[PDB]
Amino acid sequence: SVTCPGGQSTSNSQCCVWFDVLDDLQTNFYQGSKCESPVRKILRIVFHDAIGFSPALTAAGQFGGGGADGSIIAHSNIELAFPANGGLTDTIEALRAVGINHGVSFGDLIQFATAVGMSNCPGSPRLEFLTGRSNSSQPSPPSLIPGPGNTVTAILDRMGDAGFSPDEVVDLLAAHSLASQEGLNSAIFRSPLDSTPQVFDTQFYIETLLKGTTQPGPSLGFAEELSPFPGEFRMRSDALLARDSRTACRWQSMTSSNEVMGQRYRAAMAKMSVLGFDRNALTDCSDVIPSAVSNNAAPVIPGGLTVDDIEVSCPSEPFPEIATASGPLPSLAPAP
C-alpha cells in the first residue's frame, strides 16, 4: 500500500521506520547480515523477555509481568541479575542504543531483531512482525524463566502458566538448532547444541535423541549430559524433554521435515511475541522482513551412527527413515 522514503512499498506508514532500523541492524549489530553469536543472543533475549509473564501471579493479586514488553532492556539493572540472564549485557546495550536512536519501543525492537536475525540463517521461516507494543514496562518478577536443571514437570508447568501446551514447548525449542552455550561449561566456550549452529534445521531433534556417549570438555558443567560426539554440548532439559513421555512423540515428529518444523516454530513464536498484548491492537509489518536463503540439505544421522544409536522414546510411532552418513564421528568446532 504506501511507499516509504526509500521507495519500498509497505502496507502501513507505521512500517516505514522499520526499514531504517533494518539497515542499521544488518550493517552493525549483525556485522553484514551474518548468522553468528548476535542472532543466537537475540533469540535467548526474546524468550527471556517474553516469558516474564505469569497469569498465576496476576490471579494471586501480584504483578505477573508484562510479557513481550522489552523490560529486559528498560529494566536490565534488575533483570540481568537473574540466573538465566547471564552473558547478555553486551547484546542488551547494543539493542538499547538502536532503540533510542530510532525512537522505537524496546518490546517492538526485540521482536524485530529476532525476525531479522533469523532471516540471516539458512533454512529459517519468515517470522511475523507486529509493531505498536507500548514502551512502558515494569520489571519482570524473578523466577519465571525455565532453567536447564529444571525437571520436565517444572518446565511444562511454567510454560503452561504462560500459555503454552507441551507441543508448543517442543516447537519453541527449535531455536536450539541455532545455539551454543557459553556459561554452562566455560571450558568449551560456544560448544554447539547441534552440528549445524548456523542452519535452522531438524539436526537438534535428531542429535539430542542419540545415546549420550562423549564428555566434550575436561569436566561436566552445570546441567551437562554426555553428548553423541566431540564438540557437541548436551543440556539436561533438552535430553529429558526428548525422552519424557509427555513430549517424546512431538520431539520425534520434528526430526524428518524442516518444512513442518519451521511452520510449527513460526506459529509458536507468533504467540510468544504478543504475550502481555492484544495482537488486534498491533499493526502488521511482516512485509518488512526479508526471506532467508533456503536450506537444501536433508536431515541425517551424522558420522556413521544409525537408528540403533537413537534412543527411541515415542512408543506409538516408529522412528522416521532418516538418511545416515558415512565417515567417522564428527568433532564440532565452536559456533561462530
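Heads up: residue numbers just count along the shown sequence, starting at 1.
- When the C-alpha B-factors of 21-29 and 8-16 are averaged, 8-16 comes out higher.
- According to the PDB record, 210-218 carries the higher mean C-alpha B-factor of the two stretches 210-218 and 142-150.
- Taking the PDB entry at face value, the top CA B factor among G304, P38, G70, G52 belongs to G304.
- Between the residues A267, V274, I42, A59, the entry's highest C-alpha temperature factor is the one at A59.
- Sorting the modelled residues of the chain by their CA temperature factor places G231 in the lowest third.
- Ranked by Cα temperature factor within the chain, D238 sits in the middle third according to the deposited record.
- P83: CA B factor lies in the highest third for its chain, per the PDB record.
- Annotation for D157: CA B-factor lies in the highest third of the chain's modelled residues.
- Ranked against the other modelled residues of its chain, the C-alpha B-factor of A292 as given in the entry falls in the highest third.
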